[PDB]
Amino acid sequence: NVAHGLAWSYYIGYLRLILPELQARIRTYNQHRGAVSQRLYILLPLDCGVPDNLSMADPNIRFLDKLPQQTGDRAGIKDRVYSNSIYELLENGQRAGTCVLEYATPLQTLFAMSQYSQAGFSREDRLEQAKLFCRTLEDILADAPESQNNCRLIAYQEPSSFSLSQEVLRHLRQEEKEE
């Protein structure tokens, strides 16, 4: 049940420090083309396949720019930088949305752990732990609307023809339906 600790680490050491400041950074970018959505969209692939370049996971997800970096002193590191990337979502050659998009990195940690023999984490427990991570993280944000309003969890499982851009657009449009 390592996924439980990674979910809490994900919130304590990240979501709870950037999301209270995200709207400010979003509106700052729009001021100083297209309107960036005001939520952090977090990709939770249950197969734990976490590429580093989204464009390689789906060409329709096209990097646009970066937000204004957030900084802060943490654990003896001066000016620890929290940066986020803005992606355009394409659909049949058209820009259907623009949002701050990224994977949940701890799912990449789960994947790596399953390969290290010293970690005592079997390759078979990847899916189960990924789901415990999603469930735990969802339960955490349910008790912190400050952060829940600032992000949407996009958990998915590829069966083999899958569209990641279409998966994001579904959440991005259901959010605009209640805007």
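By rigid core we mean the largest C-alpha set that fits within 1.5 Å across both forms. Sequential numbering from 1, following the sequence displayed.
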*Comparing 139-147 with 35-43, which has C-alphas lying farther from the shown form in 8 other deposited structures of this protein once the core is aligned?*
139-147
_Comparing against the shown form in 8 other deposited structures of this protein, which stretch has the larger RMS C-alpha deviation after a rigid core superposition, 23-31 or 109-117?_
109-117
*Hey, does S160 drop out of the model in a third or more of the other PDB entries compared here?*
yes
*Just how many deposited residues go unmodelled from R123 to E124: none, 1 to 3, 4 to 9, or 10 or more?*
none
*Can you count, per the entry, how many deposited residues between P159 and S160 come without coordinates? Answer none, 1 to 3, 4 to 9, or 10 or more.*
1 to 3
*Comparing 140-148 with 124-132, where is the mean C-alpha B-factor higher?*
140-148
*Tell me which of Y29, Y41, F111, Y116 tops the list for C-alpha B factor in the record.*
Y29
_Quick check on the deposited entry: does the C-alpha B-factor of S165 sit in the lowest, middle or highest third of its chain?_
middle
*Which third of the chain holds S83 when residues are ordered by C-alpha B factor: lowest, middle or highest?*
middle
*Comparing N92 with the other modelled residues of its chain, is its CA B-factor in the lowest, middle or highest third?*
highest
*Within this chain, which third does the Cα B-factor at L172 fall in: lowest, middle or highest?*
highest
*Relative C-alpha B-factor of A35, binned into the chain's lowest, middle or highest third*: highest
